[PDB]
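Structural description and commentary
Each chain, written out:
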Amino acid sequence: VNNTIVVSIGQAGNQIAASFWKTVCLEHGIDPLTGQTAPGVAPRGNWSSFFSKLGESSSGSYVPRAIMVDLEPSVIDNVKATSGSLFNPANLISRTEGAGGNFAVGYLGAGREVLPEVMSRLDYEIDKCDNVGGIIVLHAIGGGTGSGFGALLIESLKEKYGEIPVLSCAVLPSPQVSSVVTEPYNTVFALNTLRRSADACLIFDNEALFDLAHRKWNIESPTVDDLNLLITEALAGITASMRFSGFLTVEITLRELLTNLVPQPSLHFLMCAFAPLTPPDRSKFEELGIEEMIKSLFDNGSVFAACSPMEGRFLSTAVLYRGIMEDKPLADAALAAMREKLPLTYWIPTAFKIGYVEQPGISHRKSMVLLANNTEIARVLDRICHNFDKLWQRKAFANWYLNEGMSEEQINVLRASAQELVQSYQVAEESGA
Amino acid sequence: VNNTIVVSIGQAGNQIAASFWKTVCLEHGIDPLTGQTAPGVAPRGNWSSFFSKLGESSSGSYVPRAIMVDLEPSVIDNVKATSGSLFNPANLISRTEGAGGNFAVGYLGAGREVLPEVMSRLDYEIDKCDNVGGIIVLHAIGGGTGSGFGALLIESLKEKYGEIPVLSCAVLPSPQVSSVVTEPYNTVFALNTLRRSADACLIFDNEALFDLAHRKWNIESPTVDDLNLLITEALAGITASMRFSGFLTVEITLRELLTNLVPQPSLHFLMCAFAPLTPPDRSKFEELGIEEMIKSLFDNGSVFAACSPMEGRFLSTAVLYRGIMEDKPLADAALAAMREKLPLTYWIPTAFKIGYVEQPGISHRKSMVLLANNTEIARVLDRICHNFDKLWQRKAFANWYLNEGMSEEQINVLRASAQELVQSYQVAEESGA
Amino acid sequence: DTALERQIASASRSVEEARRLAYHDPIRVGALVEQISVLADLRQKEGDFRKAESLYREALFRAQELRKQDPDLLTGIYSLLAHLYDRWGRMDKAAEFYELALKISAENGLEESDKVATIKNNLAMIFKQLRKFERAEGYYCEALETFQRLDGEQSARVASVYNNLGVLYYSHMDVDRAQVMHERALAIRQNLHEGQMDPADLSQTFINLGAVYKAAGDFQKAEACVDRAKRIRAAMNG
Amino acid sequence: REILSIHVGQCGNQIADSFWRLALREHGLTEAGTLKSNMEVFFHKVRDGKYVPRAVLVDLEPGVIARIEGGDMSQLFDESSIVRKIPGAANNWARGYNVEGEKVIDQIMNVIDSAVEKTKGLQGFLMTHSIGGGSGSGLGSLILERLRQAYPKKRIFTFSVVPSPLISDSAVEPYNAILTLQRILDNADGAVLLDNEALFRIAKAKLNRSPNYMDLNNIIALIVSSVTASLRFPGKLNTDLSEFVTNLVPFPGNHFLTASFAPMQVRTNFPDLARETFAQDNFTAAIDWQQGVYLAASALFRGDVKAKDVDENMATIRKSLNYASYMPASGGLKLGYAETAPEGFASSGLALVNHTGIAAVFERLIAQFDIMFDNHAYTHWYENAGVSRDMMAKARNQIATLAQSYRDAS
Ligand SMILES: Nc1nc2c(ncn2[C@@H]2O[C@H](COP(=O)(O)OP(=O)(O)O)[C@@H](O)[C@H]2O)c(=O)[nH]1
Ligand SMILES: Nc1nc2c(ncn2[C@@H]2O[C@H](COP(=O)(O)OP(=O)(O)O)[C@@H](O)[C@H]2O)c(=O)[nH]1
Ligand SMILES: Nc1nc2c(ncn2[C@@H]2O[C@H](COP(=O)(O)OP(=O)(O)O)[C@@H](O)[C@H]2O)c(=O)[nH]1
């Protein structure tokens, strides 16, 4: 089956992937603390999309196709304490110093040091794959490692392989408050890579992921244990078509997902949404039907993004149903109303790539995942382009980017290369209007 | 089943056997501190090879066929504090004075006193046996008790029975430093017995057992708690064919082991090796396959002996696999490369007695044990023959051997009888070249 | 009912069996190739070259799908397609496919292999037909050195390349070098009697020596060679 | 026509776990011994439903039958058709023939005699062992003496397993063959020599799984059954056990047969089964081929194999084969059929081939004996257990004659 590697860069990408392989292993009926399945019985679903057979005894551990890369040791040592013998600890690479909001440490620095060791483990995974057809890099677009080495690694991987999708499932900076002081820098330095050398960059935003766990999962303080579960359940939702060969499962590979969702090579920043956002308190009589999950998919406060999705133009949309469906013609006819309700872009007549997966989610029985390639995703990056310029008219922080090896000529290119990105939806908004 | 007695002489033999019956009882699912099994359920494997049914209630203690003999009280009183009601305390014989590096106290002295009491307990064990087919005497070849009474007991046991194998699993003096000042004496006095009246003397060397726990079990200071576990896991490896009646277990008795490993009556000093020497820290993704354990069996620093094994001629070899094997033709074909790599002795066309035991080890899942009857084992005893002569040209220590009852005529015989031993591989090296 | 139709039925079953085997166990690609070569041969004999081509392409696709890439296998498959193109009369394509085979081997370890020396010989022969003498000579020399290092100087394959160079030099009227080549071939071929070489190759060498000596103006040694070839061809009737 | 079976040694009894789980399948019985074809051959009819097999599970090291009579097959075998004794014929011929052999041989024979006085048409002995160990080859050499001394007019077929040419698997193993291959040559009317190197390879090509000695024995256990399935599943060209001596054994020494099985419910169209049956790589021994011409091949094709095909298939095969000069043009290959395939298969094949290549097995086991005997290299374990060097060199001088008797048969 189409194998797929989940590379986990940075603290924000690892702590998603700490919770992502918790989910995926529990999704395949595999113990997430040992790597071994239930004794003697096969794992449910098609395990070999993400996993690898370690030991031919049918009860041994299944090592996930996952390299966890971060320049700070405390993140993966948290994972090594909370995974046991699940991961391959040759893939759980760590360093000492860290990056610390400095792009030019993850990209050209301590991340340059790990790059001969990281790529010597992707080559270990890919040669171990049957035929790998996607690489899901989990990082943030805010830090020094996830946005630094994530910009390095993806440009070190399509440059090497190139015939493989790189879905950079990434976490944008929240606009409510910046978790890094150099966070509108580090995005624009990664928007060089995540525009040019990544086939798609699935965004997530920490503001919207707070609101979708506070107002929707009805808790007071949504921790990062639950931000990395809203993301996870979406990342374990877009990859349910990759991992399951069921009844009428529309088996969507990453390339099969991105041919439907990347219209032209500079329009591949995808948002996401999940349904139902019913809390896990067993609201059984309030479980949502398919006619009303799609009504809750496309709310303005339902996507995992700072922008307002229905205030702009949905350019390419991919609604990935996942679970027990009784109603195929009631499916796709709710989207027929949503073809009328939602702002679409003629420039495209119709775009709803609809996945079914009969294997249900862990938390949900009838779960829906959206991937709307929106034009509003430039309006998230309009904030980042503006917060860059306020920190470039002053020529902000200091030498911190410049002493590591970057130049003022290069930084103005990458601002333009993010300006070329933001205009590339502004090209596609009014022409799509 | 073929019963087998493990007699434990000396401090060095008891502290192996303190840890040997820790292993074997845990190997059969028996509590090593009470002697009783888990309540109501039978012990795993074939218990009656080493054990005896004490109390017919199916939950009572299983007394091991083991007599622990030492002239110092502190060694067995350590065992009585760390075994509970496991051993038969009529077999846990102790005295007061000890021997103290004096062969002629264990042989002709305080060991002569215990010999009517020791042999009145072997006769208790053997009459209790179904049909005993081996006696594994655990001692050292360095001290006054293990090398003294071990030379007495084995010559008091083949002289009495004679139709039974005596595998003297013994610990040679380390050449790096002597733990006894009269230690090259006491070996040569025991190399009378362990050549003439023992059917085989399985050696172990405290230098190699330090290196195979420091470099291989990756600890700083290997204590004698871990020397007596490298030996143990090998002694619980050569006896897994004796104790287990499993799927395709090649049930190798001691006589069945020594017919394959004693070519002619003066070539029965056997080395040993163990694989994998993976440390117990759960190196699960670094667990060794059968093609590479055999590559780690036959390293120069992999045998439990001071000598370099591949620098001399492997005369008779017995590779005892023990554990879950998936690969029978990948087995024995790694040895087909090792038929070419290793220095063998034509004088023998082929010699690899290959045991399989499906019951895995405690510490290891796929464990391998070697027994190479090497010609280099005269080169260990060339050191002992030379260190004897430097302590006989001076006529070393004193009257200490001579006042107890030995003579200068007798001591020159036993040096020649060890010279007859060392030349007996020197006969078998160049004729085997 | 015809003998060829019988050979085809048998070869088809045998191929279908190897196909099913490789369905149950995708690794068994080498054996599929072997069975295919026999059936492809038969399809060529009946002139169905597109069927033969399809068989080899199928073999190639299976080889390409292996999780562990086997460049040696791919090299061999490309050389079978090359030979197919050659017998079909598609001379440019035969050269192109031998060149592809060589490129796969050059990129992996296989520069000095049995297959590679064979390919270089066969490719050199196509270059002779393309009237590219220098390229033909180059490849023949490489095939020659490799067979020298792999087999002794005293081997059938070495003598065959000597022979092929001989004919190359003879055809471009380099008579001196033609002579050396055919004599070296003669020397080897005499010393190798059993089923490791049929006597008809020995007769070709005399035949070729005959034309070389005649071109050299030694009509005596020429007739002596032509005589010994006639003696050989006669002596294989018994 | 009711064949007694003897399963001596760990190698033979492990085949008995494979054979009597395949003999129950081909006769269609459950594992307990009752009814779920001539069932009288292998099985003694004790009651109306239960069929106890005519097997002695003679064994030293009694843990092999503890696997058999512990798990799923304790109700099948009769426990007055067994022997279990410690010690274990310590991979030592002199233990198995003399020391621990003479302890059990009075019990072996009086259990055979209590199993053949229930017969009512005794014809053969499918005595299954190895020539490698000390129980299968030592006590297997002793039973062959005492059984021929008791039944000198009954065919004794030995189903041996040769030591591997690949490596030893036992140190003193080339001694234990020649001490056994003597007594097979002296007593048994025809032996099937099988080889664990070929049993590894052919099972490796059979299964998509690395084999074990349970999976290896199912190649043997079909060959053990296919030899004697024209005797119990009659069909046409009824080949009894008396025709594997008259047809396949030309000279009074050349009775060591190399048996293949094919196909390796599995159907096979059968112009290719005869090419699979007489594949050189499907024969279950490392026999010589580049210096080997056959003497007398056999072909027992069982199941849905109709006899018209062998006029086109087997006449084509025998042209492809290499016989001796003193065998005729289309002759030299006997045939047979059964009207019932083995369970799991739909058309099987067997080929007992008497061939000069089996002397290369003998020449290996003498060239190993040549160095190892003259240098006393494990000899004192025989000398100090009854068997002298005079008794052991005399064992060589028959096998060196026997290795020459195939070279005289070319
Ligand atoms: N979704 C999610 N986002 C996080 C988490 N931890 C940190 N982030 C975000 O990730 C961004 C950058 O942090 P990071 O890349 O881990 O810094 P680095 O390790 O120095 O590269 C910050 O803006 C945080 O808001 C987490 O556990 N989950
Ligand atoms: N492997 C091992 N060797 C030991 C141990 N204790 C002592 N030895 C060795 O045994 C040799 C002799 O000691 P020992 O026979 O116990 O003296 P005795 O009690 O006076 O006879 C010394 O050279 C030590 O190196 C132990 O616990 N394990
Ligand atoms: N075909 C086959 N060969 C075996 C089996 N078990 C062991 N062998 C081989 O038989 C040979 C002889 O061992 P064996 O006769 O069982 O020893 P013994 O029973 O103590 O005499 C060894 O060299 C093994 O390689 C088995 O189950 N099947």
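- The deposited coordinates, according to the entry record, derive from cryo-EM at 3.6 Å resolution.

- The name given to chain D in the PDB entry is Tubulin BtubB, and the organism recorded there is Prosthecobacter dejongeii.
- Within the Protein Data Bank, this record goes by the title "BtubABC mini microtubule".
- Taken directly from UniProt, the Sequence similarities (unreviewed entry) text for chain D runs: "Belongs to the tubulin family."

- The PDB entry lists chain C under the name Bacterial kinesin light chain, with Prosthecobacter vanneervenii given as the organism.

**Digging into the overall build of chain D**
- Per the secondary structure count, chain D includes 15 helices and 13 strands.
- Taking 410 residues into account, the globule formula puts the C-alpha radius of gyration at 22 Å, and chain D, at 20 Å, falls close to it.
- Overall size of chain D, expressed as C-alpha extent along the three principal axes, is 60 × 55 × 45 Å.
- Within the span of chain D, comprising 410 residues, buried residues form 66% of the whole.
- As displayed, chain D has an accessible area near 14000 Å², and 45% of this comes from carbon and sulfur atoms.
- Measuring between centres, the 40 positive side-chain charges of chain D sit 4 Å from its 43 negative side-chain charges.

**Regarding the UniProt feature "repeat: TPR" (unreviewed entry) in chain C**
Residue and element names in this part refer to chain C.
- UniProt's feature table lists "repeat: TPR" (unreviewed entry) at residues 75–108 and 159–192, given in the numbering used throughout.
- End-to-end, the C-alpha atoms of residues 75–108 are 10 Å apart, and along that stretch the chain is 91% helix and 0% strand.
- Annotation note: span residues 159–192, helix share 85%, strand share 0%, distance between end C-alpha atoms 10 Å.

**Overview of the domain arrangement of chain D**
Residue and element names in this part refer to chain D.
- The domain boundaries assigned to chain D delineate domain 1 (1–257), domain 2 (258–357) and domain 3 (358–410).
- Between the C-alpha centres of domain 1 and domain 2 there is a distance of 23 Å.
- Surface buried jointly by domain 1 and domain 2 totals about 2900 Å² across both partners, of which 67% is contributed by carbon and sulfur atoms.
- Taken together, domain 1 and domain 2 are joined by three salt bridges.
- For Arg302, the salt bridge identified is with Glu26, shortest N-O distance 3.7 Å.
- In this structure, the connection of domain 1 to domain 2 is made through 10 residue pairs in polar contact.

**Here we look at the site of ligand 3**
- Lining the immediate environment of ligand 3, one finds 20 residues, of which D:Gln10, D:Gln14, D:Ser135, D:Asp169 and D:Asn217 sit closest.
- Close to ligand 3, residues of chains B and D are found.
- A distance of 2.9 Å is found between an oxygen atom of ligand 3 and a backbone nitrogen or oxygen belonging to D:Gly136.
- With respect to ligand 3, the backbone of D:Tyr213 contributes an N or O atom lying 3.3 Å from an oxygen atom.

**Focus: the site of ligand 2**
Residues and elements named next belong to chain B.
- Residues in contact with ligand 2 amount to 17 residues; listed here are only the nearest, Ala12, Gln15, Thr145, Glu183 and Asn228.
- Here an oxygen atom of ligand 2 sits 2.7 Å away from a polar atom, N or O, in the side chain of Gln15.
- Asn206 places a side-chain nitrogen or oxygen 3.2 Å from an oxygen atom of ligand 2.
- Within the complex, 88% of the 580 Å² of free accessible area of ligand 2 lies under protein.
- At the level of secondary structure, the elements contributing two or more residues to the shell around ligand 2 comprise helix 1 (10–27) and helix 8 (224–238).
- Of the residues forming the shell around ligand 2, the biggest block, four residues, is contributed by helix 8.

**Let's talk about the sheet that holds strand 10 (residues 273–275) of chain B**
Residues and elements named next belong to chain B.
- The three strands lie next to each other as 10-12-11, forming an open sheet whose pairing is antiparallel. Looking at the sheet topology across the chains shown, the edges are occupied by strand 10 and strand 11 (314–323). On average, each strand axis in the sheet is inclined to that of its neighbour by 15 degrees, with strand direction left out of account.
- Where strand 10 lies against strand 12 (residues 366–374), three bridges are found, and the strand directions are antiparallel. Paired with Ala275 across the two strands is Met368, which belongs to strand 12.
- Contacting strand 10, strand 11 and strand 12, helix 11 (residues 290–297) runs over the sheet at an angle of about 35 degrees to strand 12.

**Focus: a nonpolar patch on the surface**
All names here are of chain A.
- On the surface, a cluster of nonpolar side chains totalling about 370 Å² of accessible area is made up of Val181, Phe397 and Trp400.
- Within the fold, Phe397 resides in the loop between helix 13 (377–393) and helix 14 (408–430).
- When its relative accessible area of 48% is taken as the criterion, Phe397 is described as partly exposed.

**What to know about the interface of chain D and chain C**
- Across the contact, six residues belong to chain D and six residues belong to chain C.
- Where chain D abuts chain C, roughly 430 Å² becomes buried across the two surfaces, and 28% of that area is made up of carbon and sulfur atoms.
- Our count for the contact surface shared by chain D and chain C stands at one salt bridge.
- Close ionic contact of D:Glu312 with C:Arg6 constitutes a salt bridge, the shortest N to O distance being 3.1 Å.
- Summed over the shared surface of chain D and chain C, the number is one residue pair in polar contact.
- Within the side of chain D that touches chain C, the residues separate by chemical class into two nonpolar, two polar and two charged.

**A few points about the pattern of salt bridges**
- Per the stated rule, a full pass over the model turns up 57 salt bridges over all chains.
- Across the pair C:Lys103 and C:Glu107 runs a salt bridge, and its minimum N-O distance is 3.8 Å. Separated by four residues within a single helix, C:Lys103 and C:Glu107 lie in helix 5 (residues 91–107), roughly one turn from each other.
- Taking relative accessible area as the criterion, C:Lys103 reaches 53% and is therefore assigned exposed.
- For C:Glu107, a relative accessible area of 57% gives the class exposed.
- Shared partners join several salt bridges into a network, and the residues in it are A:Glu27, A:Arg243 and A:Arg322.

**Observations regarding the interface of chain B and chain D**
- Contacts between the two partners involve 42 residues from chain B and, on the opposite side, 38 residues from chain D.
- Summing both sides of the interface, chain B and chain D together bury roughly 3600 Å²; the carbon and sulfur share of this comes to 57%.
- Taken together, the links from chain B to chain D amount to zero salt bridges.
- Applying the counting criterion to the chain B and chain D interface returns 16 residue pairs in polar contact.
- Looking at the side of chain B that touches chain D residue by residue, the classes come out as 21 nonpolar, 11 polar and 10 charged.

**Topic: the packing of helix 6 (residues 135–150) of chain D against helix 7 (residues 173–187) of chain D**
Residues and elements named next belong to chain D.
- Between helix 6 and helix 7, the shortest axis-to-axis distance is 9 Å and the interhelical angle comes to 15 degrees. The angle between helix 6 and helix 7 places the two elements in the roughly parallel class. In the packing of helix 6 onto helix 7, the handedness of the crossing is left-handed. Note on element contacts: helix 7 touches helix 6 through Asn176, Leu179, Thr180, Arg183, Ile184 and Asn187, opposite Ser137, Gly138, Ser141, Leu144, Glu145 and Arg148.
- The class makeup of the residues in the contact of helix 6 with helix 7 is three nonpolar, six polar and three charged.

**Concerning the environment of B:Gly133**
Residue and element names in this part refer to chain B.
- Mapped onto the elements, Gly133 comes out in the loop between helix 4 (110–128) and strand 6 (138–140).
- The exposure class of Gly133 is buried, given its relative accessible area of 0%.
- Expressed as a C-alpha distance, the spacing of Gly133 and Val188, which sit 55 residues apart in the sequence, is 28 Å.
- Ignoring anything within four residues of it in the chain, the contact list for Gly133 reads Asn3, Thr4, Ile164, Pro165, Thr253, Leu254 and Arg255.

**Focus on the nonpolar core**
- Within the largest apolar cluster, 299 residues are counted, with the highest numbers of intra-cluster contacts made by D:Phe278 and D:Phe362.
- With nine residues, the top contributor of residues to this core is helix 13 (residues 358–374) of chain D.
- Non-local contacts of D:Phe362, meaning those with residues more than four positions away in its chain, are made with D:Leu181, D:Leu193, D:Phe256, D:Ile399, D:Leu402, D:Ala403 and D:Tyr406.
- Core analysis: the next-biggest nonpolar cluster, separate from the first, contains 94 residues, A:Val188, A:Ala305, A:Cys307 and A:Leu421 among them.

**With respect to the UniProt feature "binding site: GDP" (unreviewed entry) in chain D**
- Look at the UniProt record and you will see "binding site: GDP" (unreviewed entry) annotated at D:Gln10, D:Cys11, D:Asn91, D:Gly133, D:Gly134, D:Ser135, D:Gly136, D:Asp169, D:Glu173, D:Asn196 and D:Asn217.
- Relative to the helices and strands, D:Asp169 resides in the loop between strand 7 (155–162) and helix 7.
- Not counting chain neighbours up to four residues away, the residues in contact with D:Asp169 comprise B:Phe352, B:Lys353, B:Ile354 and D:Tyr213.
- By secondary structure assignment, the location of D:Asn217 is in helix 9 (residues 217–227).
- Assessed through its relative accessible area of 5%, D:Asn217 is described here as buried.
- Apart from the residues lying within four places of it in its own chain, the contact partners of D:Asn217 are D:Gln14, D:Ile15 and D:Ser18.
- Within the local environment of D:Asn217, its side chain forms a polar contact with the backbone oxygen of D:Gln14, the two atoms lying 3.3 Å apart.

The rules behind the values
- Residues numbered from 1 in each chain as written, not as in the entry; some residues may be left out.
- Chains lettered and ligands numbered in written order.
- Part of a larger assembly, values for the part shown.
- Heavy atoms only, no water.
- Residues with missing side-chain atoms left out of burial classes, pairs and counts.
- UniProt positions renumbered as here; feature names shortened; annotations may be inferred.
- Helix = DSSP H or I, 4+ residues; strand = E, 2+ residues; numbered from the N terminus.
- Rg over C-alpha atoms; globule rule 2.2 N^0.38 Å.
- Buried < 20%, exposed > 50% of the residue type's maximum accessible area, 1.4 Å probe, protein only.
- Areas by Shrake-Rupley, 256 points an atom, 1.4 Å probe, with all protein chains shown as cover.
- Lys, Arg positive; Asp, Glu negative; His and termini not counted.
- Charge placed at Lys NZ, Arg CZ, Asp CG, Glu CD.
- Domains from an automatic or database assignment.
- Buried area = accessible area lost by both parts, 1.4 Å probe.
- Salt bridge = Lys/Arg side-chain N within 4 Å of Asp/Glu carboxyl O.
- Polar contact = N/O pair within 3.5 Å; in protein donor to acceptor, adjacent residues only side chain to side chain.
- Near = heavy atom within 4 Å.
- Pairing = 2+ DSSP bridges.
- Axes fitted to C-alpha atoms, helices over the stretch in contact; angles between N-to-C directions.
- Contact = heavy atoms within 4.5 Å.
- Patch = residues over 30% accessible without salt bridge, like charges linked within 9 Å, V, L, I, M, F, W, Y side chains within 5 Å.
- Nonpolar A, V, L, I, M, F, W, Y, C, P; charged D, E, K, R; others polar.
- Parallel < 35°, antiparallel > 145°, perpendicular 65-115°, else oblique.
- Left-handed = near helix turned anticlockwise from the far one by under 90°.
- Core = buried A, V, L, I, M, F, W, Y, C linked by side-chain atoms within 4.5 Å.

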